[PDB]
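All remarks here apply to the structure that follows.
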Amino acid sequence: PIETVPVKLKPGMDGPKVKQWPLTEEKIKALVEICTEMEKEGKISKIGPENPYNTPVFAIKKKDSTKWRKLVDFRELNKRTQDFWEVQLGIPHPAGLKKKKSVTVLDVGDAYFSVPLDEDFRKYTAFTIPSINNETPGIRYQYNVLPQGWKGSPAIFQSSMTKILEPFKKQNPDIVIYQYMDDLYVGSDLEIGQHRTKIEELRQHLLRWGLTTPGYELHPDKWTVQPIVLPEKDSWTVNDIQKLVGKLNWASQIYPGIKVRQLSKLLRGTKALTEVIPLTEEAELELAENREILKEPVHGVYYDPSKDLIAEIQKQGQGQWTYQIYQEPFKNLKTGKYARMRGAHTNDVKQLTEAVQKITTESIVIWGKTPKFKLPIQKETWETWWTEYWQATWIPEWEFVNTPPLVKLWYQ
Amino acid sequence: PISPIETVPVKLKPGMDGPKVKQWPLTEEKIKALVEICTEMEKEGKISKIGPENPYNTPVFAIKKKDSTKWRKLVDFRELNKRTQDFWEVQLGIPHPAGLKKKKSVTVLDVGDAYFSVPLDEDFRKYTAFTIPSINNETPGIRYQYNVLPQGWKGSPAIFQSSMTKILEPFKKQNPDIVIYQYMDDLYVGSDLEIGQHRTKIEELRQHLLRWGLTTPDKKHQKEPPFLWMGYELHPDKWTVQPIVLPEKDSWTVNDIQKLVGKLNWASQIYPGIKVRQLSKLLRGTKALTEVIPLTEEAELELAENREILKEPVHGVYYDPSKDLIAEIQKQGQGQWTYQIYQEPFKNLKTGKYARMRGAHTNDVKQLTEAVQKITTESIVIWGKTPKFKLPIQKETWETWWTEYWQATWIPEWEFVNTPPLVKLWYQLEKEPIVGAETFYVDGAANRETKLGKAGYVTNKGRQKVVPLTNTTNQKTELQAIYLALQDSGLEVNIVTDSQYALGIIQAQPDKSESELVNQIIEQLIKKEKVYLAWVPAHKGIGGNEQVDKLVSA
DNA sequence: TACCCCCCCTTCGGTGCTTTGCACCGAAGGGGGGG
Ligand SMILES: Cc1cn([C@H]2C[C@H](N=[N+]=[N-])[C@@H](COP(=O)(O)OP(=O)(O)OP(=O)(O)O)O2)c(=O)[nH]c1=O
Ligand SMILES: [Ca+2]
């Protein structure tokens, strides 16, 4: 018995019509059970094919969760509600969140089931549960309350949320709280022991307002940027200097001070690749000044909230992976490298999934946005396995790229 | 009127009105069988006479029910469908017999007049208006509006399938151990009940379907194996496709090959090793469906051995959820692959084939990964799990491919099977330059207007070449320059290019290509013992990349 | 001379980077199959 906030799609736009992809048995079982009890609690109710809209649905387990969690792929709906959660009911971002020594993520998505949903908008939350071997045609549902994983849900509940938080935001004044969809990000400079206690205080402070929390520990200060680095050799071959000049030539689109003339001079002849080349004075000096320019920050790089974030990832092999987050090309807001992730030396898809989740989490903490990913993988490979390794309650936008490593720019 | 079951609301596309199009000049032979059952509908409340207050009109015809003397009625709603609202079909796929768990007793029953047992929506009925012809053009014929779902509308199937489920839902909850495969009106019902109790429960459900006014005719009903279901013959412990007739035509058209190819794709699901490659090579770029085209000595060989598989009868088995799933793949050559999914050795659940050629340049490892993914998707559909794979590729062959490849790639749990021909990488680019090997700086260039170009190289040992090229492109010359350096070099060679285009193609280690120039490069690379490819940017005064950039521009 | 679903195989035309060539992909019309 609560007032329902009206929601309308972006001007001149139709709801999501997205096919449902095949699900494994253990995921269909987990969903039917999750969907049954959610129905006897009125959170959802069955619908029919008169509804032209559909959204894909599947299940996950959070990291170490062991309990299934329902997850809907609202990317197509969210792109068509974009007016709502950005212009109208959006959230300011606490730029100080990235500065806290520890940050904890809590799943508050179970509270969105409290508030009901606008009736005219429930036609767009339609999702279908498939059946193994098409034993039964598709069982359709739609949401009566705020759905877990819709971007309008945290904006509507924000008024209720900031009230529940206000006693604890006052009881602990300098502790930063941010909310991105089904997750609540809370960070402090307190010691680890003090921090985890204030979380349990925030858990009970949420319990008496009617919410459970089925915590992830980050360290934003710890994260380290990755810079472009030049090798160290006591002797340089022709192929070495050729590779080196190609890399510097590619790096010149970011740091304009890069010079190649004195190193290009060393190549002037037509020599065998393995032949040793001693460095001249000016080459050794042009190399020295170049190594310094790559120490500097990129001139004129800053974040624009009106622009989309882009994230490129490159597979370096032997477990290493590199990534760069940018808005405009060659203006990189951040660069980094991951190593020895879960599935290293055995499964590529799992590592790539783990990388996307880590990168997205960093973007949420720093800028409160999820970037669009350029993924080094084939479409069919990724669309097949990616659900098996997904442990997060959000799903970023992505595209697939094929860019052979003509030059190893980001990792030696 | 009277009201059997819960209706489904329908609309038109907003701001649009109903179907006004004139009837077909139907022959009086169909009109005889037409108005016969047509007048019988109005007695049951299925159709209604309407006044000219209803200003819509839609054509009508009829076709014979296949394998029957009866006639079936179809109303052309193509223009109504264009202006009718969009649905979302609840039919997500087709059941496969290889997904059926073994049941002690099984019953198959069709619903007599399936669409006609479901009430349409009250307010929408007016739009069904159509007129019934006569023997002469003197009598006008009554205009009718449908009170139920018409055969030929675009919303009829989706509404029927969804309504059927709400009807079967209460029974399914009362009898959890009964397996009802619901596909349109065709019902496969099976149980582990003893045959006496099984038929008793069948009757309760026929009564339960009857309680909602759904007929279960005995003639459609089948009580004994082998059941005809989804074009299969289901036996107590085995199944097979209903027999497949291959056309015997002496001279083939394009519509003949199409019928042949489709029949074979259908057969490939159980009859192992069906190949379509050389029969489909005949249909490429052909204009007329009626055009006559001859059979190559390749496609003649393929149709002969494909008929020999169909000669001996084959059968599949059923699913035992306790035992593991196994999928083994063989390489058939020319980008063709077949597979068998089984549980007990030599007793197949189903077969299939992946022959898709994806991209201009590929290799056997890429195509094997594409086939593993096709099987995984197919298997998660039918059994909801991923099979264990037996693959004709050495464990170290794969380990080298995915570790070195610049893109992420993976294959689930699998083991090596020694069945040749084995999948391999036919060459390997060195990670580091070769000491003592001649170093070839190559380059190429073409004139955008002239289509004339040159491709040549320089080496450290003084060697040289330039070749004039006719009707070529900048890309082809960059590949051609590499072909030369491979031809004129020893067993171990270092090759330095400034072409991003060519290095990308070669570094992915292809063994097949649409481009014949590439196949010749592949052919040379297999011959070599050590190849090292490198890249430098052009016009930087680099190495011999500047010197051969001069020769090929002159 | 209708409708809805799944599959393979071919063409074609749009898309973006490998660049005004070449490669990729998805929609679509051919067929098989189910009701
Ligand atoms: C074969 C066929 C079926 N359908 C639909 C429409 C039909 N519903 N009705 N009426 C269903 C089922 O057709 P069907 O099961 O084959 O026979 P039916 O019309 O239901 O009467 P019956 O012989 O006494 O069983 O499929 C179609 O639209 N076009 C076709 O060519
Ligand atoms: Ca029927």
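Identifiers for the structure tokens are assigned positionally: chains receive A, B, ... in sequence, residues are indexed from 1 per chain, and ligands are indexed from 1 in the order shown.
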For ligand 1, collect every residue having any atom at a distance of at most 7 Å from a ligand atom (counting only C-alpha atoms (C1' of nucleotides) and all ligand atoms); output as a PyMOL selection string. (chain B and resi 110-116+151-152+184-186+220) or (chain C and resi 3+35)
Find the residues near region 115-121 of chain A: any atom within 6 Å, counting only C-alpha atoms (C1' of nucleotides), skip ones fewer than 2 places away on the same chain, and give them as a list in words.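 Once the adjacent positions are removed, what remains is residues 4, 5, 6, 112, 113, 123, 124, 144, 145 and 146 of chain A.
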Residues of chain C were defined as contacting chain A if any atom lay at most 12 Å from it, counting only C-alpha atoms (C1' of nucleotides); please report them as a list in words. residues 5, 6, 16, 17, 18, 23, 24 and 25 of chain C
Keeping only C-alpha atoms (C1' of nucleotides), write the selected residues as a tab-separated table (two decimals), in the first residue's frame.
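Okay, this is what ended up in result10.tsv:
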chain	number	residue	atom	x	y	z
C	5	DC	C1'	8.49	-22.37	-34.06
C	6	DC	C1'	13.41	-24.84	-34.79
C	16	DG	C1'	34.15	-0.47	-39.41
C	17	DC	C1'	38.97	-1.01	-39.80
C	18	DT	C1'	42.35	-4.33	-42.33
C	23	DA	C1'	36.26	-8.86	-43.92
C	24	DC	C1'	32.36	-9.67	-40.90
C	25	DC	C1'	27.64	-10.29	-39.75
Fewer than 4 positions away in the same chain doesn't count, so skip those; otherwise give me all residues within 12 Å of residue 92 (chain A), counting only C-alpha atoms (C1' of nucleotides), as a list in words.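 Once the adjacent positions are removed, what remains is residues 85, 86, 87, 88, 96, 97, 155, 158, 177, 178, 179, 180, 305, 367, 368 and 369 of chain A.
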Residues as selected, N, CA and C atoms, written as a PDB file, in the first residue's frame, can you do that?
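Writing the result to part.pdb gives the following:
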ATOM      1  N   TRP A  85      16.670   7.667 -14.885  1.00  0.00           N
ATOM      2  CA  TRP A  85      17.653   7.547 -13.811  1.00  0.00           C
ATOM      3  C   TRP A  85      18.884   8.429 -13.999  1.00  0.00           C
ATOM      4  N   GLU A  86      18.973   9.191 -15.088  1.00  0.00           N
ATOM      5  CA  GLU A  86      20.059  10.149 -15.264  1.00  0.00           C
ATOM      6  C   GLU A  86      19.595  11.582 -15.025  1.00  0.00           C
ATOM      7  N   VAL A  87      18.633  12.054 -15.820  1.00  0.00           N
ATOM      8  CA  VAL A  87      18.186  13.441 -15.721  1.00  0.00           C
ATOM      9  C   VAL A  87      17.359  13.657 -14.458  1.00  0.00           C
ATOM     10  N   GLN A  88      16.386  12.779 -14.212  1.00  0.00           N
ATOM     11  CA  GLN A  88      15.356  13.036 -13.212  1.00  0.00           C
ATOM     12  C   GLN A  88      15.782  12.665 -11.792  1.00  0.00           C
ATOM     13  N   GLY A  96      34.767  11.236  -3.047  1.00  0.00           N
ATOM     14  CA  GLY A  96      35.608  10.774  -1.961  1.00  0.00           C
ATOM     15  C   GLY A  96      35.535   9.289  -1.687  1.00  0.00           C
ATOM     16  N   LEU A  97      34.606   8.582  -2.335  1.00  0.00           N
ATOM     17  CA  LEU A  97      34.501   7.141  -2.128  1.00  0.00           C
ATOM     18  C   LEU A  97      35.774   6.430  -2.571  1.00  0.00           C
ATOM     19  N   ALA A 155      16.726   4.561  -8.064  1.00  0.00           N
ATOM     20  CA  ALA A 155      16.369   5.973  -8.064  1.00  0.00           C
ATOM     21  C   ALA A 155      15.051   6.205  -7.335  1.00  0.00           C
ATOM     22  N   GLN A 158      15.434   5.805  -3.611  1.00  0.00           N
ATOM     23  CA  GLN A 158      16.443   6.680  -3.021  1.00  0.00           C
ATOM     24  C   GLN A 158      15.883   7.479  -1.849  1.00  0.00           C
ATOM     25  N   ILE A 177      28.888   6.843   1.805  1.00  0.00           N
ATOM     26  CA  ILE A 177      27.937   5.857   1.322  1.00  0.00           C
ATOM     27  C   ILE A 177      27.573   6.224  -0.104  1.00  0.00           C
ATOM     28  N   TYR A 178      27.667   5.254  -1.005  1.00  0.00           N
ATOM     29  CA  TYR A 178      27.162   5.394  -2.359  1.00  0.00           C
ATOM     30  C   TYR A 178      26.297   4.189  -2.690  1.00  0.00           C
ATOM     31  N   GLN A 179      25.329   4.408  -3.572  1.00  0.00           N
ATOM     32  CA  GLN A 179      24.383   3.375  -3.969  1.00  0.00           C
ATOM     33  C   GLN A 179      24.369   3.290  -5.486  1.00  0.00           C
ATOM     34  N   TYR A 180      24.724   2.124  -6.017  1.00  0.00           N
ATOM     35  CA  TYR A 180      24.611   1.843  -7.443  1.00  0.00           C
ATOM     36  C   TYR A 180      23.776   0.580  -7.598  1.00  0.00           C
ATOM     37  N   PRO A 305      31.273  13.643 -17.268  1.00  0.00           N
ATOM     38  CA  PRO A 305      30.102  12.828 -16.904  1.00  0.00           C
ATOM     39  C   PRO A 305      29.081  12.684 -18.021  1.00  0.00           C
ATOM     40  N   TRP A 367      33.917   6.674 -10.873  1.00  0.00           N
ATOM     41  CA  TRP A 367      33.035   7.597 -11.581  1.00  0.00           C
ATOM     42  C   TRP A 367      31.549   7.288 -11.437  1.00  0.00           C
ATOM     43  N   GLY A 368      31.181   6.199 -10.766  1.00  0.00           N
ATOM     44  CA  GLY A 368      29.783   5.812 -10.658  1.00  0.00           C
ATOM     45  C   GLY A 368      29.127   5.472 -11.976  1.00  0.00           C
ATOM     46  N   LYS A 369      29.868   4.859 -12.890  1.00  0.00           N
ATOM     47  CA  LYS A 369      29.353   4.467 -14.192  1.00  0.00           C
ATOM     48  C   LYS A 369      29.883   3.085 -14.544  1.00  0.00           C
TER      49      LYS A 369
END
Residues of chain B no more than 7 Å from chain A, counting only C-alpha atoms: send them over as number ranges by chain. B: 9-10, 86-96, 99, 158-159, 162, 181-182, 373, 380-385, 403-404, 406-410, 433, 435, 439, 459-460, 504, 535-537, 540-544
Any chance you can output those residues with N, CA and C atoms as a short mmCIF file (atom, residue, chain, number, x, y, z; two decimals), in the first residue's frame?
data_model
loop_
_atom_site.label_atom_id
_atom_site.label_comp_id
_atom_site.auth_asym_id
_atom_site.auth_seq_id
_atom_site.Cartn_x
_atom_site.Cartn_y
_atom_site.Cartn_z
N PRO B 9 -6.92 -10.77 -24.21
CA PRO B 9 -7.19 -9.49 -24.89
C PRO B 9 -6.23 -9.24 -26.05
N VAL B 10 -6.77 -8.67 -27.13
CA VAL B 10 -6.03 -8.40 -28.35
C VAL B 10 -6.33 -6.97 -28.80
N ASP B 86 1.83 -6.83 -32.32
CA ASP B 86 2.91 -7.81 -32.20
C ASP B 86 2.75 -8.63 -30.93
N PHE B 87 3.11 -9.91 -31.02
CA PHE B 87 3.08 -10.84 -29.90
C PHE B 87 4.51 -11.16 -29.45
N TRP B 88 4.62 -12.14 -28.56
CA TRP B 88 5.89 -12.77 -28.23
C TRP B 88 5.60 -14.26 -28.11
N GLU B 89 6.06 -15.04 -29.09
CA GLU B 89 5.73 -16.46 -29.13
C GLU B 89 6.26 -17.18 -27.90
N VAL B 90 5.45 -18.10 -27.36
CA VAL B 90 5.88 -18.93 -26.24
C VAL B 90 6.47 -20.25 -26.70
N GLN B 91 6.55 -20.48 -28.01
CA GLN B 91 7.19 -21.67 -28.56
C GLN B 91 8.66 -21.33 -28.76
N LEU B 92 9.51 -21.80 -27.84
CA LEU B 92 10.92 -21.44 -27.83
C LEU B 92 11.78 -22.41 -28.63
N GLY B 93 11.20 -23.51 -29.11
CA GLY B 93 11.98 -24.50 -29.83
C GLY B 93 11.16 -25.76 -30.06
N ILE B 94 11.87 -26.83 -30.42
CA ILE B 94 11.23 -28.11 -30.72
C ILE B 94 11.78 -29.17 -29.78
N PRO B 95 10.95 -30.06 -29.24
CA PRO B 95 11.48 -31.17 -28.45
C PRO B 95 12.19 -32.18 -29.33
N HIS B 96 13.29 -32.73 -28.81
CA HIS B 96 13.94 -33.81 -29.52
C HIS B 96 13.71 -35.14 -28.81
N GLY B 99 15.95 -36.31 -26.02
CA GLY B 99 15.82 -35.77 -24.69
C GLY B 99 14.84 -36.51 -23.82
N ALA B 158 0.27 -18.60 -30.89
CA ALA B 158 0.77 -18.13 -29.60
C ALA B 158 -0.31 -18.18 -28.52
N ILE B 159 -1.54 -17.81 -28.87
CA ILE B 159 -2.62 -17.80 -27.89
C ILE B 159 -3.03 -19.22 -27.53
N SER B 162 -0.37 -20.86 -25.11
CA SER B 162 -0.41 -20.30 -23.76
C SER B 162 -1.67 -20.72 -23.02
N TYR B 181 4.61 -33.71 -22.65
CA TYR B 181 5.30 -32.88 -23.62
C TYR B 181 4.24 -32.17 -24.45
N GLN B 182 4.08 -30.87 -24.21
CA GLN B 182 3.01 -30.08 -24.81
C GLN B 182 3.58 -29.29 -25.97
N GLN B 373 31.14 -25.38 -29.74
CA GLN B 373 30.17 -24.43 -29.22
C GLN B 373 28.78 -24.69 -29.78
N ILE B 380 22.76 -28.08 -24.25
CA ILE B 380 22.11 -27.40 -23.13
C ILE B 380 20.63 -27.21 -23.41
N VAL B 381 20.25 -27.10 -24.68
CA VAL B 381 18.84 -27.02 -25.04
C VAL B 381 18.12 -28.31 -24.67
N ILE B 382 18.67 -29.45 -25.09
CA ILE B 382 17.94 -30.71 -25.01
C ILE B 382 18.05 -31.33 -23.62
N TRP B 383 19.26 -31.39 -23.06
CA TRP B 383 19.47 -32.05 -21.78
C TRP B 383 19.79 -31.10 -20.64
N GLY B 384 19.96 -29.81 -20.90
CA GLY B 384 20.24 -28.87 -19.84
C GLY B 384 21.61 -28.99 -19.21
N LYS B 385 22.53 -29.72 -19.84
CA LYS B 385 23.89 -29.87 -19.35
C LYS B 385 24.86 -29.91 -20.53
N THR B 403 46.87 -20.82 -25.58
CA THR B 403 47.79 -19.99 -24.81
C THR B 403 48.38 -18.88 -25.66
N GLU B 404 48.73 -19.18 -26.92
CA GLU B 404 49.42 -18.21 -27.76
C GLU B 404 48.47 -17.26 -28.45
N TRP B 406 45.89 -14.51 -29.48
CA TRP B 406 45.67 -13.21 -28.85
C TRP B 406 44.24 -13.01 -28.36
N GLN B 407 43.30 -13.84 -28.81
CA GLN B 407 41.92 -13.76 -28.35
C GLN B 407 41.64 -14.87 -27.35
N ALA B 408 40.70 -14.60 -26.45
CA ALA B 408 40.31 -15.60 -25.47
C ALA B 408 39.54 -16.72 -26.16
N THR B 409 39.85 -17.96 -25.78
CA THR B 409 39.18 -19.12 -26.34
C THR B 409 39.28 -20.25 -25.34
N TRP B 410 38.33 -21.18 -25.41
CA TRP B 410 38.24 -22.23 -24.40
C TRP B 410 37.38 -23.37 -24.92
N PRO B 433 63.62 -13.82 -33.59
CA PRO B 433 64.31 -13.92 -34.88
C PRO B 433 65.31 -15.07 -34.92
N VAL B 435 68.73 -16.82 -35.88
CA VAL B 435 70.14 -16.54 -36.13
C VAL B 435 70.61 -17.39 -37.30
N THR B 439 67.41 -12.44 -43.94
CA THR B 439 66.39 -11.50 -43.49
C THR B 439 65.82 -10.76 -44.68
N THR B 459 67.36 -8.01 -49.03
CA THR B 459 67.90 -8.83 -47.95
C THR B 459 69.26 -8.30 -47.50
N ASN B 460 69.71 -8.81 -46.35
CA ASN B 460 71.03 -8.44 -45.83
C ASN B 460 72.16 -8.96 -46.70
N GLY B 504 48.25 -9.68 -39.91
CA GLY B 504 47.08 -10.14 -39.18
C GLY B 504 46.56 -11.46 -39.71
N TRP B 535 57.08 -6.73 -37.90
CA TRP B 535 56.38 -5.56 -38.41
C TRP B 535 57.11 -4.29 -37.99
N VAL B 536 57.24 -3.36 -38.93
CA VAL B 536 57.75 -2.02 -38.65
C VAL B 536 56.82 -1.01 -39.31
N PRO B 537 56.70 0.21 -38.78
CA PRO B 537 55.89 1.22 -39.47
C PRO B 537 56.59 1.74 -40.71
N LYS B 540 59.35 5.55 -41.95
CA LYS B 540 60.10 6.05 -40.82
C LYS B 540 61.61 6.00 -41.04
N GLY B 541 62.05 5.76 -42.27
CA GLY B 541 63.47 5.58 -42.52
C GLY B 541 64.03 4.36 -41.82
N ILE B 542 63.22 3.31 -41.68
CA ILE B 542 63.60 2.12 -40.94
C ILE B 542 64.25 1.11 -41.89
N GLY B 543 65.43 0.63 -41.50
CA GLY B 543 66.00 -0.59 -42.06
C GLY B 543 65.96 -0.65 -43.57
N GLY B 544 65.70 -1.84 -44.08
CA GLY B 544 65.42 -2.04 -45.48
C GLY B 544 63.99 -1.78 -45.85
#
Please identify every residue of chain B that has at least one atom no more than 9 Å from any atom of chain C, counting only C-alpha atoms (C1' of nucleotides), and report them as a PyMOL selection string. chain B and resi 60-61+74-78+89-94+151-158+183-186+230-231+255+257-266+280+283-285+289+355-356+358-360+473-475+500-502+504
Please save C-alpha atoms of the selected residues as a PDB file, in the first residue's frame.
ATOM      1  CA  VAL B  60     -10.318 -17.551 -48.032  1.00  0.00           C
ATOM      2  CA  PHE B  61      -9.177 -20.829 -49.586  1.00  0.00           C
ATOM      3  CA  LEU B  74      -7.296 -21.419 -44.163  1.00  0.00           C
ATOM      4  CA  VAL B  75      -8.108 -17.700 -44.192  1.00  0.00           C
ATOM      5  CA  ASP B  76      -5.584 -15.337 -45.773  1.00  0.00           C
ATOM      6  CA  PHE B  77      -5.021 -12.621 -43.154  1.00  0.00           C
ATOM      7  CA  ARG B  78      -1.799 -11.246 -44.676  1.00  0.00           C
ATOM      8  CA  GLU B  89       5.734 -16.459 -29.132  1.00  0.00           C
ATOM      9  CA  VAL B  90       5.879 -18.929 -26.242  1.00  0.00           C
ATOM     10  CA  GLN B  91       7.191 -21.674 -28.556  1.00  0.00           C
ATOM     11  CA  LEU B  92      10.916 -21.445 -27.828  1.00  0.00           C
ATOM     12  CA  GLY B  93      11.976 -24.498 -29.834  1.00  0.00           C
ATOM     13  CA  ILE B  94      11.227 -28.105 -30.719  1.00  0.00           C
ATOM     14  CA  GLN B 151      -6.362 -20.995 -39.047  1.00  0.00           C
ATOM     15  CA  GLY B 152      -4.248 -18.435 -40.903  1.00  0.00           C
ATOM     16  CA  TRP B 153      -4.012 -15.610 -38.376  1.00  0.00           C
ATOM     17  CA  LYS B 154      -0.680 -14.545 -36.915  1.00  0.00           C
ATOM     18  CA  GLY B 155      -1.924 -14.666 -33.317  1.00  0.00           C
ATOM     19  CA  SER B 156      -3.602 -18.074 -33.412  1.00  0.00           C
ATOM     20  CA  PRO B 157      -0.603 -20.286 -32.425  1.00  0.00           C
ATOM     21  CA  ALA B 158       0.774 -18.130 -29.599  1.00  0.00           C
ATOM     22  CA  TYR B 183       3.586 -28.956 -28.404  1.00  0.00           C
ATOM     23  CA  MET B 184       0.583 -27.122 -29.909  1.00  0.00           C
ATOM     24  CA  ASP B 185      -2.240 -29.719 -29.713  1.00  0.00           C
ATOM     25  CA  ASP B 186       0.070 -32.754 -29.938  1.00  0.00           C
ATOM     26  CA  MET B 230       7.096 -35.076 -34.318  1.00  0.00           C
ATOM     27  CA  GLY B 231       7.932 -37.066 -37.430  1.00  0.00           C
ATOM     28  CA  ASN B 255      14.291 -26.934 -56.651  1.00  0.00           C
ATOM     29  CA  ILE B 257      18.761 -30.048 -55.173  1.00  0.00           C
ATOM     30  CA  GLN B 258      17.058 -27.921 -52.515  1.00  0.00           C
ATOM     31  CA  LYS B 259      14.658 -30.766 -51.695  1.00  0.00           C
ATOM     32  CA  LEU B 260      17.622 -33.163 -51.614  1.00  0.00           C
ATOM     33  CA  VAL B 261      19.759 -30.936 -49.368  1.00  0.00           C
ATOM     34  CA  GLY B 262      16.937 -30.359 -46.898  1.00  0.00           C
ATOM     35  CA  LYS B 263      16.126 -34.067 -46.722  1.00  0.00           C
ATOM     36  CA  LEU B 264      19.790 -34.757 -45.947  1.00  0.00           C
ATOM     37  CA  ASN B 265      20.018 -32.070 -43.259  1.00  0.00           C
ATOM     38  CA  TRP B 266      16.973 -33.763 -41.733  1.00  0.00           C
ATOM     39  CA  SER B 280      25.317 -27.241 -52.196  1.00  0.00           C
ATOM     40  CA  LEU B 283      23.290 -23.839 -55.920  1.00  0.00           C
ATOM     41  CA  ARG B 284      25.707 -20.914 -55.543  1.00  0.00           C
ATOM     42  CA  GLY B 285      24.721 -17.783 -57.456  1.00  0.00           C
ATOM     43  CA  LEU B 289      14.654 -22.120 -59.084  1.00  0.00           C
ATOM     44  CA  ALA B 355      29.985 -27.416 -41.898  1.00  0.00           C
ATOM     45  CA  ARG B 356      29.670 -23.633 -41.568  1.00  0.00           C
ATOM     46  CA  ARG B 358      32.984 -18.628 -41.033  1.00  0.00           C
ATOM     47  CA  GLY B 359      35.305 -16.019 -42.516  1.00  0.00           C
ATOM     48  CA  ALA B 360      37.658 -15.814 -45.471  1.00  0.00           C
ATOM     49  CA  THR B 473      45.239  -3.890 -55.105  1.00  0.00           C
ATOM     50  CA  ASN B 474      47.483  -2.495 -52.379  1.00  0.00           C
ATOM     51  CA  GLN B 475      46.559  -5.469 -50.183  1.00  0.00           C
ATOM     52  CA  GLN B 500      49.244  -4.661 -40.889  1.00  0.00           C
ATOM     53  CA  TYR B 501      46.717  -6.339 -43.206  1.00  0.00           C
ATOM     54  CA  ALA B 502      48.881  -9.310 -44.189  1.00  0.00           C
ATOM     55  CA  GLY B 504      47.084 -10.138 -39.176  1.00  0.00           C
TER      56      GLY B 504
END
Enter the distance from CA of residue 432 (chain B) to CA of residue 511 (chain B), in Å, rounded to one decimal.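 Value for the CA of residue 432 (chain B)-CA of residue 511 (chain B) distance: 22.4 Å.
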Quick one: DSSP strand (DSSP E or B) residues in region 123-217 of chain B, as a PyMOL selection string? chain B and resi 130-131+143-146+148+179-183+186-191
Find the residues near residue 448 (chain B): any atom within 10 Å, counting only C-alpha atoms (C1' of nucleotides), skip ones fewer than 2 places away on the same chain, and give them as a PyMOL selection string. (chain B and resi 445-446+450-453+471-474) or (chain C and resi 20)
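On the backbone of this structure, DSSP gives helix (DSSP H, G or I) within region 77-113 of chain A to residues 77, 78, 79, 80, 82, 83, 84, 85, 86, 87, 88, 97, 98, 99, 109, 110, 111, 112 and 113 of chain A.
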Coordinates-based distance that separates CA of residue 181 (chain A) from CA of residue 391 (chain A) (Å, one decimal): 15.3 Å
Among listed residues B:343, B:216, B:447, B:268, nearest residue 108 (chain B) (using only C-alpha atoms):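 Checking each candidate against residue 108 (chain B), we get B:216 as the closest.
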Would you mind listing what lies within 9 Å of residue 370 (chain A) as a VMD selection string, with only C-alpha atoms (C1' of nucleotides) counted and same-chain residues fewer than 5 positions away left out? chain A and resid 308 to 310 359 to 361 363 to 364 395 to 397
Could you take the residues named above and write them with N, CA and C atoms, as a tab-separated table (two decimals), in the first residue's frame?
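Writing done, so here's again34.tsv:
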chain	number	residue	atom	x	y	z
A	308	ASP	N	30.20	8.60	-22.46
A	308	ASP	CA	30.25	7.20	-22.08
A	308	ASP	C	31.69	6.77	-21.81
A	309	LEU	N	31.84	5.82	-20.89
A	309	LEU	CA	33.13	5.22	-20.61
A	309	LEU	C	33.37	4.03	-21.53
A	310	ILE	N	34.59	3.91	-22.03
A	310	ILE	CA	35.00	2.79	-22.88
A	310	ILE	C	36.11	2.04	-22.17
A	359	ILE	N	37.02	-4.54	-13.49
A	359	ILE	CA	37.10	-3.24	-14.15
A	359	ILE	C	35.82	-2.44	-13.91
A	360	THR	N	34.67	-3.09	-14.05
A	360	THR	CA	33.40	-2.40	-13.83
A	360	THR	C	33.31	-1.88	-12.39
A	361	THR	N	33.69	-2.72	-11.42
A	361	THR	CA	33.68	-2.30	-10.03
A	361	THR	C	34.54	-1.07	-9.80
A	363	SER	N	35.22	1.22	-12.06
A	363	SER	CA	34.58	2.39	-12.66
A	363	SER	C	33.43	2.88	-11.77
A	364	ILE	N	32.69	1.96	-11.16
A	364	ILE	CA	31.59	2.37	-10.28
A	364	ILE	C	32.12	3.17	-9.10
A	395	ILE	N	25.29	-6.03	-15.24
A	395	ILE	CA	25.74	-6.56	-16.53
A	395	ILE	C	26.09	-5.40	-17.45
A	396	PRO	N	27.37	-5.14	-17.71
A	396	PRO	CA	27.73	-4.00	-18.56
A	396	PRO	C	27.44	-4.25	-20.04
A	397	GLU	N	27.54	-3.17	-20.82
A	397	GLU	CA	27.44	-3.24	-22.27
A	397	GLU	C	28.79	-3.65	-22.86
Show me, as a PyMOL selection string, the residues that have an atom within 7 Å of region 172-175 of chain A when counting only C-alpha atoms (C1' of nucleotides), minus same-chain residues fewer than 4 positions from it. chain A and resi 168+187-188
